[PDB]
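Engineer: Quick one, what's the 3D model for this:
(chains A and B, ligands or ions: 2)
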There are 2 protein chains.
Amino acid sequence: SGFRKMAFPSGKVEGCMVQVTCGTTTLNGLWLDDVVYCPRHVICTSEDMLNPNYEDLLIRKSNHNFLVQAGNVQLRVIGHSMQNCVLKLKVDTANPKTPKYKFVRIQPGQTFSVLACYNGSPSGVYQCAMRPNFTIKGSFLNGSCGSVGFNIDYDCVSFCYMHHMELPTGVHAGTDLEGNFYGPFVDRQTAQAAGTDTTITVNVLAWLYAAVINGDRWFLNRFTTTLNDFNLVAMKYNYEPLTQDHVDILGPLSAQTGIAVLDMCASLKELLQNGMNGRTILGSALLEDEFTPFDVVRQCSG
Amino acid sequence: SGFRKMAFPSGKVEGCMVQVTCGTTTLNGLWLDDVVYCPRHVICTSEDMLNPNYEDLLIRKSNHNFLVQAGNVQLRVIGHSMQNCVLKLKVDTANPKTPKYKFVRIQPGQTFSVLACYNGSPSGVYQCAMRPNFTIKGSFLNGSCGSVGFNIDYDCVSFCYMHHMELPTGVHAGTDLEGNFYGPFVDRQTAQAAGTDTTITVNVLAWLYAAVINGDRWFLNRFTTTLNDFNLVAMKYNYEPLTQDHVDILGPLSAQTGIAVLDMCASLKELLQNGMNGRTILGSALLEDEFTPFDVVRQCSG
Ligand SMILES: CNC(=O)C[C@H](Cc1ccccc1)NC(=O)[C@@H](Cc1ccc(Cl)cc1Cl)NC(=O)[C@H](N)Cc1ccccc1C#N
Ligand SMILES: CNC(=O)C[C@H](Cc1ccccc1)NC(=O)[C@@H](Cc1ccc(Cl)cc1Cl)NC(=O)[C@H](N)Cc1ccccc1C#N
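Structural biologist: Numbering: from 1, shown residues only, chains lettered A, B, ... in the order given. Ligands and ions are numbered 1, 2, ... in the order given. The structure is reproduced below:
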């Protein structure tokens, strides 16, 4: 029993983290086979960061301008290219610790593990959700750019995030591993703003199911609701609309607990309209929205 | 910026997890050099679990009664012994992935990372505090016994916890790696109860400092308090007494933020007496007590 925010074991990713240096700029890279992936703004100086033309900046670089360190071993760069906002450095050595892997671009509401790194060295692991406004609420200091986010599925690592920048509000923005930003953001040092965020409804429902699986039932009621009438209440409280596909995804949890999805929606509706009145759910006084239905099944199996 | 509950990267420990089987009982073990450490109740049958005499049960075992699997490789047991509540199996192969390590017995209020494992295979990582009543609030299913808790200090893994059992209240009890239980618990399948728990005051104060370091100041006030008068309020709200040593430990955070420890104690006193009034601190509506002062410095450096 118990329910905890749980990251994937990070070892398969730790063996891929390296340090990339160009001039005075140092950040983290991901070494898979004989290619190192890192944020392309590693080629920028501080003055370049205002409004860089990256094609221009990269054409002025040669292979020996890039320093790649794996542990205390220096890797020789033998080619370089740019794919969207990621720099790819071909090195002369294949990473012997390369796991089975894929690159995946996730949807808002999905979660992943972040391996926070500094100078190519991992410092900690935590769970994040991609917010509906395509930011994540991470923990990142200077030097963390290039840290990656990932899921693991039967010894296959699915990389889904590379960290690029902190926005003025303190939330974080980044790309998939093919260099495409999540959201409308661009990689230049100007004040960009995230859109207004909303709560991930299907995830809150998953977490309420986790609470029932763990014996917490106080928030249930005898009522049900229609999908349409639930969504009218969702809008008012800044919750994302629940779709029929969300209902279908929650099927397994609904079957395990005996609580129909729209019955749990009636519980959430009442929780939104009256609050918790001092009680907690799985140790929380706020409704939690960073557990997917998959996260719940993975941790609550049985 | 940002503040997240963060585990240590788990890779150095993943390479040590193995599966131990005796009869029909299977659980996790920790393989360091040529010794495998696991909970001694692996030698018990279901009938034995009511009131076992472990010396009696172990004297009836031979080396070949123990099956140790590392990945898809079987390890040969060449000796066995009991140290308190841990079984030690000598195997014919030294673990080539053995990290630099120590065994440490921690105090209540200290935190550690847990690598939850099933059948010798890691499933997830999360942070735990040792509660004042010597339980942890983990996430553990059947088969998780033998999962370990650890801290990492400059590539040295300090193992501090091995999981042994879930209590009726759903909280978790275990031993140090030398087999001594934390708290009054014993390894037999009877209903034992944890003592009443209390809040870890020095940790709440550390987390309030983390909030200030991250720009959250709304809970501060112009008042200060004496240590004695703070502790009178602490008792009333089931908080552990704050000692002068706790004050000293918070020195670095106090110096970084400019807020004297007893000034922050006045903020906590007011938060306990009036609640939050709908506001949050670092995203939480409850006061958090599972970050040590060390945890805060490690994540908020700068
Ligand atoms: C109080 N908030 C801050 O000080 C963060 C500040 C907000 C801001 C941004 C813009 C205008 C005004 C204010 N942003 C940065 O300093 C950015 C600059 C930057 C670099 C490269 C690109 Cl492509 C884009 C950008 Cl915007 N630097 C980074 O994000 C580092 N990679 C890591 C890093 C360094 C320092 C602190 C946090 C983190 C993280 N994570
Ligand atoms: C609703 N709560 C429960 O069902 C848990 C139940 C509470 C209880 C305990 C006692 C009397 C009545 C009720 N405890 C266990 O079933 C224990 C039994 C047990 C084995 C060995 C020793 Cl030395 C001591 C003990 Cl007590 N088994 C384990 O803890 C497994 N190692 C892992 C495990 C299995 C299943 C569920 C959770 C977990 C975990 N973690």
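Engineer: what's near enough to touch residue A:95?
Structural biologist: When contacts are counted by CB atoms under 8 Å, 6 or more residues apart in numbering or on different chains, residue A:95 is found next to A:15-16, A:31-34, A:70. Where you see a C-beta, it was placed from the backbone N, CA and C, and this is true even at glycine.
Engineer: Of those residues, which pair is most distant in space?
Structural biologist: Checked with CB to CB, these reach their widest spread between A:15 and A:34, with 14.8 Å between them.
Engineer: residue ranges for the helices of the stretch 101-250 of chain A, please.
Structural biologist: Listed in chain order, the helices found in the stretch 101-250 of chain A under DSSP state H, counting those that start in this stretch are A:201-213, A:227-236, A:244-249.
Engineer: Other residues contacting the second one?
Structural biologist: If I follow you right, that is helix A:227-236. With CB under 8 Å, 6+ apart as the test, helix A:227-236 has contacts from A:201, A:239-242, A:244, A:247, A:262, A:265-266, A:268-269, A:272-273.
Engineer: That one to helix A:201-213, inter-axis angle?
Structural biologist: For helix A:227-236 and helix A:201-213, the angle between their directions (axes from the mean of the first three to the mean of the last three CA atoms, to 10 degrees) works out to 100 degrees.
Engineer: Please tell me how far helix A:227-236 is from the chain's geometric centre.
Structural biologist: For helix A:227-236, the distance from its own C-alpha centre to the chain's C-alpha centre is 27 Å (CA atoms, centre = their mean, to the nearest Å).
Engineer: Enumerate the positions of that helix that are buried.
Structural biologist: Of the residues in helix A:227-236, A:230-231, A:233-234 count as buried by neighbour count, 16 or more other CB atoms under 10 Å in any protein chain shown.
Engineer: any idea which of those is closest to chain B?
Structural biologist: Within the set of the buried residues of helix A:227-236, residue A:233 lies nearest chain B; the separation is 19.9 Å, counting by CB to the nearest CB.
Engineer: The stretch 101-250 of chain A against ligand 1: which residues are in contact?
Structural biologist: Within the stretch 101-250 of chain A, the residues that sit near ligand 1 (CB under 6 Å from any ligand atom) are A:140-142, A:144-145, A:164-166, A:168, A:170, A:172, A:187-189, A:191.
Engineer: OK, contacts around the residue in chain A positioned nearest to ligand 2?
Structural biologist: Ranked by CB to the nearest ligand atom, the top residue of chain A for proximity to ligand 2 is residue A:1, at 5.4 Å. With contacts defined as CB under 8 Å, 6+ apart, the neighbours of residue A:1 are A:214-215, B:139-141, B:166, B:170.
Engineer: of the helices of the stretch 101-250 of chain A, which approaches residue A:24 most closely?
Structural biologist: When the helices of the stretch 101-250 of chain A are ranked by proximity to residue A:24, the top entry is helix A:201-213, at 41.4 Å, counting by CB to CB.
Engineer: Report all helices and strands that the closest one contacts.
Structural biologist: With contacts defined as 3 or more CB pairs under 8 Å, 6 or more residues apart in numbering or on different chains; DSSP states H and E, the secondary structure elements packing on helix A:201-213 are helix A:244-249, helix A:251-257, helix A:261-274, helix A:293-300.
Engineer: export the ones you listed to CSV and tack on mean neighbour count?
Structural biologist: Supplementary listing: the helices and strands packed on helix A:201-213 in CSV, determined by neighbours: other CB atoms under 10 Å in any protein chain shown:
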stretch, mean neighbour count
helix A:244-249, 14
helix A:251-257, 16
helix A:261-274, 19
helix A:293-300, 20
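Engineer: and of those, who's closest to residue B:179?
Structural biologist: Nearest to residue B:179, of all the helices and strands packed on helix A:201-213, is helix A:293-300, at 28.2 Å by CB to CB.
Engineer: For chain B, what is the nearest residue in the stretch 201-302 of chain A?
Structural biologist: Counting by CB to the nearest CB, the stretch 201-302 of chain A gets nearest chain B through residue A:285, at 4.0 Å.
Engineer: Chain neighbours aside, what residue packs nearest to that residue?
Structural biologist: residue B:285 (4.0 Å; CB to CB, 6 or more residues apart in numbering or on different chains).
Engineer: need the contact list for residue A:194.
Structural biologist: With contacts taken as CB under 8 Å, 6+ apart, residue A:194 has the following neighbours: A:131, A:133-135, A:167, A:169, A:171, A:173, A:183.
Engineer: typo on my end, residue A:9
Structural biologist: Residue A:9 touches A:152, B:10-11, B:14, B:115, B:122-125, counting by CB under 8 Å, 6+ apart.
Engineer: And residue A:48, by the same measure?
Structural biologist: Contact partners of residue A:48, counting by CB under 8 Å, 6+ apart, are residue A:57.
Engineer: what kind of secondary structure is it in?
Structural biologist: Residue A:48 carries the three-state label helix when classified by DSSP: H, G, I helix; E, B strand; the rest coil.
Engineer: Is there a neighbour count for the spatially closest residue to residue A:186 that is not a sequence neighbour? I'd like the number.
Structural biologist: In space, residue A:186 comes closest to residue A:192 once its chain neighbours are excluded; the distance is 7.1 Å by CB to CB, 6+ apart. Close neighbours of residue A:192, defined as other CB atoms under 10 Å in any protein chain shown, add up to 14.
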